[PDB]
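Just so it is clear: chains get the letters A, B, ... in the order the sequence lines come, proteins before strands, and each one is counted from 1.
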Amino acid sequence: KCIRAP
Amino acid sequence: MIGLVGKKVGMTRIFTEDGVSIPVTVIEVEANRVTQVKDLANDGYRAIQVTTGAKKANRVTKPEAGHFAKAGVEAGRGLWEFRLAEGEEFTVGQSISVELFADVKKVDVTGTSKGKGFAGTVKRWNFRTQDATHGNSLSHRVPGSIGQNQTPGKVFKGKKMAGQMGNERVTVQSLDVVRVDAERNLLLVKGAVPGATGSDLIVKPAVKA
Amino acid sequence: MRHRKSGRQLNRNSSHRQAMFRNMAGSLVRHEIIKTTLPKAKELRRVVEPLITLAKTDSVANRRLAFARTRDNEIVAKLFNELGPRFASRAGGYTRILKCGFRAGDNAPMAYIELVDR
Amino acid sequence: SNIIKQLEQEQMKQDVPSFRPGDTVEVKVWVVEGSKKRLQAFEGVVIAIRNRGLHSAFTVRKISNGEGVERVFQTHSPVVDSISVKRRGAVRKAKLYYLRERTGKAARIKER
Amino acid sequence: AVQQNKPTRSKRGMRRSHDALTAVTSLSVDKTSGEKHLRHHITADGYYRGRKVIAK
Amino acid sequence: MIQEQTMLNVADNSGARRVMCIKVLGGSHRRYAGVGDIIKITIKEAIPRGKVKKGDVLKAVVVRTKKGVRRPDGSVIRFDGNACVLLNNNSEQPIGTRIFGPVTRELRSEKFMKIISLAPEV
RNA sequence: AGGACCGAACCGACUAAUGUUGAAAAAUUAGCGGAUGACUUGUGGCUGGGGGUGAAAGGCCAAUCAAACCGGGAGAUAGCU
RNA sequence: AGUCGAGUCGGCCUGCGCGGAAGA
RNA sequence: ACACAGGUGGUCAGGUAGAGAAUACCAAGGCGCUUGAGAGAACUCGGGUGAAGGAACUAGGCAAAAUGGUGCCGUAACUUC
RNA sequence: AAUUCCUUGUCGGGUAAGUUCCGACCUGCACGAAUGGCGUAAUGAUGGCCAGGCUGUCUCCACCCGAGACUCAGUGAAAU
RNA sequence: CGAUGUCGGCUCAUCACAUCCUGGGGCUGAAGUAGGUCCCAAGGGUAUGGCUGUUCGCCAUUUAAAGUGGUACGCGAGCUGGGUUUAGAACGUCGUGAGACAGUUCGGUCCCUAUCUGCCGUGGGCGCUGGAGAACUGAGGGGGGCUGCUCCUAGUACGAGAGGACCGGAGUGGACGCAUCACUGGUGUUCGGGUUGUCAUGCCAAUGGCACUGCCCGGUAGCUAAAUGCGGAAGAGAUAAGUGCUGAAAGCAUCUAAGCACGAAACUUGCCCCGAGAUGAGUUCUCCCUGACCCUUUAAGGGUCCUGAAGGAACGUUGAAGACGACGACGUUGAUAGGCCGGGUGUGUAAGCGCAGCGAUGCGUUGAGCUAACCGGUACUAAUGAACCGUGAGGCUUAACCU
Ligand SMILES: [K+]
Ligand SMILES: [K+]
Ligand SMILES: [K+]
Ligand SMILES: [K+]
Ligand SMILES: [K+]
Ligand SMILES: [K+]
Ligand SMILES: [K+]
Ligand SMILES: [K+]
Ligand SMILES: [K+]
Ligand SMILES: [K+]
Ligand SMILES: [K+]
Ligand SMILES: [K+]
Ligand SMILES: [K+]
Ligand SMILES: [K+]
Ligand SMILES: [K+]
Ligand SMILES: [K+]
Ligand SMILES: [K+]
Ligand SMILES: [K+]
Ligand SMILES: [K+]
Ligand SMILES: [K+]
Ligand SMILES: [K+]
Ligand SMILES: [K+]
Ligand SMILES: [K+]
Ligand SMILES: [K+]
Ligand SMILES: [Mg+2]
Ligand SMILES: [Mg+2]
Ligand SMILES: [Mg+2]
Ligand SMILES: [Mg+2]
Ligand SMILES: [Mg+2]
Ligand SMILES: [Mg+2]
Ligand SMILES: [Mg+2]
Ligand SMILES: [Mg+2]
Ligand SMILES: [Mg+2]
Ligand SMILES: [Mg+2]
Ligand SMILES: [Mg+2]
Ligand SMILES: [Mg+2]
Ligand SMILES: [Mg+2]
Ligand SMILES: [Mg+2]
Ligand SMILES: [Mg+2]
Ligand SMILES: [Mg+2]
Ligand SMILES: [Mg+2]
Ligand SMILES: [Mg+2]
Ligand SMILES: [Mg+2]
Ligand SMILES: [Mg+2]
Ligand SMILES: [Mg+2]
Ligand SMILES: [Mg+2]
Ligand SMILES: [Mg+2]
Ligand SMILES: [Mg+2]
Ligand SMILES: [Mg+2]
Ligand SMILES: [Mg+2]
Ligand SMILES: [Mg+2]
Ligand SMILES: [Mg+2]
Ligand SMILES: [Mg+2]
Ligand SMILES: [Mg+2]
Ligand SMILES: [Mg+2]
Ligand SMILES: [Mg+2]
Ligand SMILES: [Mg+2]
Ligand SMILES: [Mg+2]
Ligand SMILES: [Mg+2]
Ligand SMILES: [Mg+2]
Ligand SMILES: [Mg+2]
Ligand SMILES: [Mg+2]
Ligand SMILES: [Mg+2]
Ligand SMILES: [Mg+2]
Ligand SMILES: [Mg+2]
Ligand SMILES: [Mg+2]
Ligand SMILES: [Mg+2]
Ligand SMILES: [Mg+2]
Ligand SMILES: [Mg+2]
Ligand SMILES: [Mg+2]
Ligand SMILES: [Mg+2]
Ligand SMILES: [Mg+2]
Ligand SMILES: [Mg+2]
Ligand SMILES: [Mg+2]
Ligand SMILES: [Mg+2]
Ligand SMILES: [Mg+2]
Ligand SMILES: [Mg+2]
Ligand SMILES: [Mg+2]
Ligand SMILES: [Mg+2]
Ligand SMILES: [Mg+2]
Ligand SMILES: [Mg+2]
Ligand SMILES: [Mg+2]
Ligand SMILES: [Mg+2]
Ligand SMILES: [Mg+2]
């Protein structure tokens with residue numbers, strides 16, 4: 001998963 | 001007053017005539033032999049040391065033996081102290097018997113609890129388990145979070161974690177005396193007390209009135 | 001916890017332990033002295049000594065019980081004909097364990113277990 | 001254990017009759033309402049016996065006003081006044097828990 | 001998961017302060033054959049407590 | 001040992017056939033009701049023209065349990081099913097006029113003296 | 001009879017657990033779908049990079065794909081680090 | 001202020017304090 | 001990339017049970033998987049059993065439990081029959 | 001409504017209690033007729049909802065069997 | 001921005017007090033019951049469900065109460081992945097179109113073996129001034145602290161009635177915690193039995209292997225909860241808000257300035273546990289060692305020979321002790337373990353033989369046989385004579401005592 005995702 | 005040192009024989013019941021079954025721990029209390037009297041002058045507090053039972057003559061060391069020789073008692077399996085209240089007086093060599101408890105309604109019983117070894121937080125602290133299923137990955141009985149974040153950035157002392165459980169001094173307070181049998185050196189107390197069969201128990205009159 | 005429990009697991013399941021001790025019991029009766037690991041030797045006493053005790057009283061039922069536990073008629077016949085009478089007036093303690101150092105391959109503590117009269 | 005054996009044996013009843021799982025048994029039990037002490041009978045099939053000295057017990061199953069009831073009696077309890085075998089049952093097991101799934105004609109035990 | 005700083009040779013030595021082996025306190029001597037052995041174990045020549053056992 | 005969601009049979013002629021416990025009353029996080037405990041119930045099944053109807057919410061007293069009840073000598077009495085007697089929600093008094101099947105001496109109190117009086121046994 | 005039915009081989013890959021410096025750069029275990037067909041498979045052949053091929057997902061084209069790989073223009077250019 | 005026997009009352013300007021003042 | 005739990009087309013096809021090339025146990029034949037020995041803590045993994053309750057769990061019955069064969073009886077709405 | 005923002009619309013059903021579901025209303029923010037409309041038996045490892053059965057999913061965990069974990073001997077990594 | 005994983009849930013919390021409950025008070029438009037409002041108080045306690053990704057909220061039903069906040073919207077190197085937040089697809093809508101939408105919809109990989117700090121446990125070293133074995137003192141630290149209902153007081157006080165107390169007492173519960181296994185039970189692949197398929201032991205009979213322990217039924221010890229004992233306190237001290245007594249300043253008044261009293265789950269104790277590394281290293285009791293020499297830098301000096309205590313460790317047999325260490329028992333002058341003997345318990349009437357039956361089977365011998373971890377016993381086996389470590393009377397100064 002994306003850190004500080006959009 | 002003082003108490004006495006006894007051995008946990010095991011549990012049984014006493015059926016009363018009126019139908020009730022009373023669960024009892026049977027405590028063998030052989031004579032407690034006074035081995036030393038601590039005085040306020042020489043020791044700074046008032047107490048008796050007692051021994052009970054018997055030790056193998058070959059397994060009692062020279063230091064131990066000389067201490068018993070001064071008392072003029074046979075070696076017992078250990079030494080225990082009981083603080084004397086104001087007015088209580090005992091002499092060295094005096095045997096104190098279970099008859100001490102003849103008019104005692106309730107006792108506190110101290111012993112060493114059974115040893116569970118290294119216990120998890122579920123058993124040791126009654127932590128709730130996490131989901132058996134619903135996706136849990138390798139975290140069924142594990143403790144969960146152990147703190148907050150950057151503040152305070154450490155785990156607090158006394159945090160409940162896995163560790164050695166049992167095998168420690170425990171006191172159960174205010175157990176009814178069901179029977180004192182001087183002839184058989186028995187004290188029957190109502191309900192369970194700490195420790196395995198065969199283990200030493202200190203029995204004192206109940207501190208709560 | 002294992003409070004008051006008996007029996008060694010020996011990193012095997014129950015069916016393997018049973019089979020292993022049946023074999024090992026036969027080996028001891030046949031040869032009268034074997035070398036094995038020390039924990040296996042200690043467990044083997046709990047298997048072999050009852051067989052010898054059983055073999056003190058020769059009956060068809062006892063031959064068959066022995067046969068059920070050994071599955072070897074050479075061994076059953078050697079109990080009953082040989083060992084049972086040899087230990088007729090001996091109240092247990094048919095075996096002796098002698099410690100004998102460590103095994104080269106894995107440093108396992110080893111022992112000889114022998115029948116006492118051997 | 002010797003100590004406990006002596007404490008236990010001195011409380012044990014001497015009069016307990018031989019009975020056996022599958023026997024029909026009538027147990028007479030003391031009941032109290034205030035200061036009035038009746039004897040109440042409980043008749044049924046013995047489905048289980050625990051032989052354990054002073055701690056011996058036995059379980060009796062009865063169908064009672066259209067409802068299955070089991071009582072576990074503590075054999076040496078003074079509450080149990082009397083035990084009497086009305087009928088000797090022929091079963092093979094020690095415990096007849098299979099009777100819990102059986103009613104009526106399915107639940108019958110041959111006499112011994 | 002992993003160190004932020006290489007531990008020192010000092011810290012390495014301190015961790016290994018419990019790694020030293022222990023020599024056997026003393027060997028026993030058989031009453032008959034005269035030979036040294038671990039206490040409670042048979043000798044290399046197959047004696048134990050004076051009597052010949054094994055025989056190999 | 002009755003808890004929320006437990007289904008009980010009905011030991012009376014209130015007309016309810018099958019009720020479900022929705023609360024063990026008389027304590028915060030109280031887990032279980034045994035014999036003699038009041039529970040809150042919902043009627044899941046009722047007979048066509050009885051005193052109560054499906055979906056009614058009211059009280060009941062538990063009178064038989066499969067877990068059963070211990071007596072002071074260590075004896076136990078267990079029943080083959082869990083059953084209760086419906087009570088009026090405000091005045092905890094039985095709705096029915098007959099009790100079916102045995103009850104226990106645990107109901108021997110003022111509140112449930114009517115149940116004891118009507119029960120065919122104990 | 002059948003893109004018919006249940007179900008092994010065979011072909012797949014729906015769910016969960018494990019694994020995640022793996023036994024494995026996509027698997028294992030337990031279940032799961034198809035199983036005479038628009039099926040599946042061996043051997044060989046043909047289509048070539050703005051090109052192929054695609055029951056279409058920008059899928060696939062040698063563990064690489066919104067333009068393969070290798071060599072070359074080549075020390076591209078880089079007001080950026 | 002509650003015969004009594006000496007101060008008393010209330011505003012102003014100023015110095016220093018008091019309350020108002022609860023947080024992980 | 002490995003003495004790698006993966007991948008790889010064809011042929012052969014014993015016995016008892018079984019519809020069977022399924023499955024169980026065996027034959028012929030082949031193997032025990034190139035670290036072992038102890039111990040019997042937490043916790044993890046893979047399993048077994050569970051009082052009373054029975055979806056109250058949860059985003060969601062996920063997982064588990066359950067059902068399961070043959071013969072015969074019997075089988076609703078709806079329907080493109 | 002795979003479309004409805006306001007919105008958990010309103011009414012009915014189901015539940016003790018239902019922002020989901022089913023039926024209905026029409027105030028369609030912003031359906032609609034082959035970039036098809038409405039319906040439809042059968043079919044689906046398709047989405048949503050309800051029951052029976054079933055259960056360690058849970059109340060609330062307990063015990064047990066195995067493989068690791070732990071100790072000994074041999075070999076002997078890694079990210080940083 | 002050469003990455004500080006981002007909502008909610010779960011697990012685990014910890015603090016604040018602006019207090020939800022329980023405790024103490026003042027005012028009341030406080031008769032009582034019940035409220036309102038403000039002050040003190042953080043000891044402990046403070047629901048489960050339906051709906052929704054939800055936080056929240058609404059609803060059902062409880063409760064003494066269902067507090068409000070901080071802790072990276074506490075907590076993904078602890079779990080989840082519903083939502084949000086990639087790539088597929090569709091709807092509405094916008095756009096000629098590619099596409100677009102804190103609009104919706106179905107689907108959509110959550111890694112890390114812990115070095116350091118921390119924390120939970122558990123050892124080793126040295127120290128504590130001769131060595132050793134014990135028993136303690138208690139500086140200090142931690143745990144615990146919740147509360148309902150019923151009855152009595154009393155249908156009393158209060159009230160027109162309706163209703164309905166304080167204060168004090170007794171009982172019995174909920175939740176939580178500690179212990180325990182006598183009971184009730186679970187488990188019990190180490191006990192007994194039933195039974196399917198098949199293979200084997202030559203065959204019959206009897207057995208064993210494999211099939212999830214093949215499938216099952218029971219069940220011993222142990223562990224254990226749903227089982228059953230016990231706990232929260234009373235009391236004391238000093239107080240909060242508050243209420244006073246005496247009392248001037250200020251002829252009065254005034255709880256305050258001097259002085260004196262009362263006053264709460266908070267505080268200090270009382271209860272339980274740890275505890276002398278309490279380096280401020282404490283105390284008490286007992287035990288042990290009472291030899292000579294040599295040299296140099298002549299000093300709390302270093303060697304040599306003789307000596308080797310009390311005790312310890314080691315090894316072994318082990319344990320209701322245990323990851324390993326540790327801790328406990330025991331080592332022949334011995335019940336430490338195993339075996340063995342007797343018993344118990346469990347299973348449920350073995351095998352063989354006989355009888356009955358055509359036979360499956362049934363019956364007798366027979367409550368038989370077998371029976372783990374249990375109980376009581378018993379030297380049969382294994383716990384060895386030794387060896388090892390640890391020494392040889394223990395610094396200086398001063399004081400009081402050798403009177
Ligand atoms: K997962
Ligand atoms: K190209
Ligand atoms: K260039
Ligand atoms: K629309
Ligand atoms: K078109
Ligand atoms: K059409
Ligand atoms: K950034
Ligand atoms: K008030
Ligand atoms: K508080
Ligand atoms: K909080
Ligand atoms: K953050
Ligand atoms: K999260
Ligand atoms: K982190
Ligand atoms: K993790
Ligand atoms: K969005
Ligand atoms: K650090
Ligand atoms: K028990
Ligand atoms: K048990
Ligand atoms: K067989
Ligand atoms: K000290
Ligand atoms: K320890
Ligand atoms: K027979
Ligand atoms: K027989
Ligand atoms: K028997
Ligand atoms: Mg233990
Ligand atoms: Mg939970
Ligand atoms: Mg994973
Ligand atoms: Mg898991
Ligand atoms: Mg800091
Ligand atoms: Mg033992
Ligand atoms: Mg191993
Ligand atoms: Mg098997
Ligand atoms: Mg090391
Ligand atoms: Mg087909
Ligand atoms: Mg494919
Ligand atoms: Mg598969
Ligand atoms: Mg199909
Ligand atoms: Mg098929
Ligand atoms: Mg696309
Ligand atoms: Mg590719
Ligand atoms: Mg290009
Ligand atoms: Mg150029
Ligand atoms: Mg360049
Ligand atoms: Mg100010
Ligand atoms: Mg290999
Ligand atoms: Mg193939
Ligand atoms: Mg096969
Ligand atoms: Mg294990
Ligand atoms: Mg299961
Ligand atoms: Mg269950
Ligand atoms: Mg059940
Ligand atoms: Mg739910
Ligand atoms: Mg929930
Ligand atoms: Mg499923
Ligand atoms: Mg299943
Ligand atoms: Mg909406
Ligand atoms: Mg509605
Ligand atoms: Mg529902
Ligand atoms: Mg609709
Ligand atoms: Mg359209
Ligand atoms: Mg048109
Ligand atoms: Mg269409
Ligand atoms: Mg190693
Ligand atoms: Mg960085
Ligand atoms: Mg305040
Ligand atoms: Mg405080
Ligand atoms: Mg956060
Ligand atoms: Mg993770
Ligand atoms: Mg984190
Ligand atoms: Mg998602
Ligand atoms: Mg949403
Ligand atoms: Mg967006
Ligand atoms: Mg929009
Ligand atoms: Mg405290
Ligand atoms: Mg017991
Ligand atoms: Mg049982
Ligand atoms: Mg079983
Ligand atoms: Mg045969
Ligand atoms: Mg085989
Ligand atoms: Mg096989
Ligand atoms: Mg005055
Ligand atoms: Mg022995
Ligand atoms: Mg018996
Ligand atoms: Mg048999």
Stacking check, if you would: do G/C14 and G/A13 have six-membered base rings whose centres lie under 5.5 Å apart and whose planes meet at under 30 degrees? no
How far does the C1' atom of G/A25 sit from the matching atom of G/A63, given to the nearest Å? 7 Å
Just checking: is there a Watson-Crick or G-U wobble pair between K/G57 and K/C51, both distances under 3.5 Å? yes
So, are I/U23 and I/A17 a pair, meaning Watson-Crick or G-U wobble with each of the two distances under 3.5 Å? yes
Please compare C/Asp106 and B/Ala132 by the position of their nearest nucleotide in RNA chain J and report the one closer to 5'. B/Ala132
Can you tell whether the side chains of C/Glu43 and C/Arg17 come within less than 4.0 Å, N to carboxylate O? no
Spacing of B/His67 atom NE2 relative to K/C287 atom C1', expressed in whole Å: 12 Å
Among G/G19, K/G362, K/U220, which is the nearest nucleotide to the side chain of D/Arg52? K/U220
Taking only the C1' atom of each, what is the distance from J/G28 to G/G52 in whole angstrom? 50 Å
Please tell me which of the listed nucleotides, K/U180, K/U71, K/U184, lies nearest to the side chain of B/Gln148? K/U71
Counting heavy atoms from C-beta on, name the nucleotide in G/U18, K/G121, K/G348 closest to the side chain of B/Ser137. G/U18
Can you tell me if the side-chain N/O atoms of C/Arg103 get under 4.0 Å from OP1 or OP2 in J/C72? no
With a 3.5 Å cut-off on both distances, are K/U187 and K/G222 a Watson-Crick or G-U wobble pair? yes
Tell me whether K/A34 and K/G35 stack, counting them as stacked only when the base ring centres are under 5.5 Å apart and the planes differ by under 30°. yes
Within the 4.0 Å heavy-atom criterion, would you say F/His29 contacts the bases, only the backbone, or no part of the nucleic acid? sugar-phosphate
Establish whether K/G44 and K/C21 are paired, applying the Watson-Crick or G-U wobble definition with both distances under 3.5 Å. yes
Which value, in whole Å, describes the distance between the P atoms of nucleotides K/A221 and K/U189? 13 Å
Check K/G395 against J/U57: Watson-Crick (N1-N3 plus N6-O4 or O6-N4) or wobble (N1-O2 and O6-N3), both under 3.5 Å. Paired or not? no
Check the distance between K/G70's P and B/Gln150's CD and give it to me in whole angstrom. 18 Å
So, OP1 or OP2 of K/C374: does either fall under 4.0 Å of a side-chain N or O from C/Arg4? yes
Taking the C1' atom of each, how far is K/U366 from K/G348, in whole Å? 12 Å
Side-chain heavy atoms of B/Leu79 within contact of B/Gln36, under 4.5 Å: no
What nucleotide among K/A373, K/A13, K/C285 has an atom nearest to a side-chain atom of B/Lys70? K/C285
State whether the distance check finds a donor on one side and an acceptor on the other, under 3.5 Å, for side chain D/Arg71 versus base K/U184. no
If you measure from the P atom in K/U220 to the same atom in K/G188, how many Å do you get, rounded? 13 Å
May I ask you to verify if any side-chain N or O of C/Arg17 is less than 4.0 angstrom from the OP1 or OP2 atom of J/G66? yes
Which glycosidic conformation, syn or anti, is assigned to I/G50 if syn requires a torsion within 90° of zero? anti
With a cut-off of 6.0 Å (strictly less than), are more than 12 heavy atoms of other residues, nucleotides or ligands near NZ of B/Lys159? yes
Sugar-phosphate, base or nothing in reach of B/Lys123, heavy atoms under 4.0 Å: sugar-phosphate
When all nucleic acid strands are considered with a 4.0 Å heavy-atom cut-off, which category describes F/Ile2: base, sugar-phosphate, or nothing? nothing
